[PDB]
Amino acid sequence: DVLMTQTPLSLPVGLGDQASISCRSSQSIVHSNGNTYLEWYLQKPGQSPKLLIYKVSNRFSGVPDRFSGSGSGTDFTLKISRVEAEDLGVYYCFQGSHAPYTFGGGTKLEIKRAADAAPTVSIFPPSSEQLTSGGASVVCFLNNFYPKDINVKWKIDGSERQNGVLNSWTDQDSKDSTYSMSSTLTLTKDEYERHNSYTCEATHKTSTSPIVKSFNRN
């Protein structure tokens, strides 16, 4: 079977700059008819994959000339001449020459934003509705930050809490070069009522001290 080895796994690039995405096949992918059915797809956030390049170097209709494909035999490269925010997403190579057909593992293109952005942090106590049902979830949003590197911890009366924590992440999209993250701490109502102070604490490049949001159960 043909293995497709695709690198890099992700790629930070400034607006206007170039990117190269590489694809290597474990054996020749020349189809019996002499053609090489090596294709490139882009999957934008929340969308299906869409065709960019076919037969190694042919641009599909509507695809900007910023995208170009090259290579032969077992080595192929997608080149983006200058990157735009709309180019964000995951690129995949594909060989359609030898069944079973196989995809590369993908390359996530990311924008290297020209300025940093501090997270906007919000914390939310359990609703009275949830408490009545016997649960207590505390939620923290950390919205619109750059760069990606962030550390986030929950503290209950000052003690770090590990269990019952769920974290979710969004990457950038064509209309937002920043990242956002959500974290939820879920307790029982009774456990919630055994403590006073609940804290969401973040460390990010944009401040020399922890960014803290806290409430007291009052």
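Numbering starts at 1 and follows the sequence shown.
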{"property": "Mean Cα B-factor comparison, 51-59 or 157-165, giving the higher one as deposited", "result": "157-165"}
{"property": "Entry-level comparison of average CA B-factors, 203-211 and 18-26, reporting the higher stretch", "result": "203-211"}
{"property": "Maximum C-alpha temperature factor, selected from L142, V83, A117, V138", "result": "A117"}
{"property": "Highest recorded Cα temperature factor - choice among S180, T184, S177, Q43", "result": "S177"}
{"property": "Chain-wide C-alpha B factor ranking for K108, given as lowest, middle or highest third", "result": "lowest"}
{"property": "Assigned third (lowest, middle, highest) for the C-alpha B factor of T74", "result": "highest"}
{"property": "Among modelled residues of the same chain, the CA temperature factor third for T36", "result": "lowest"}
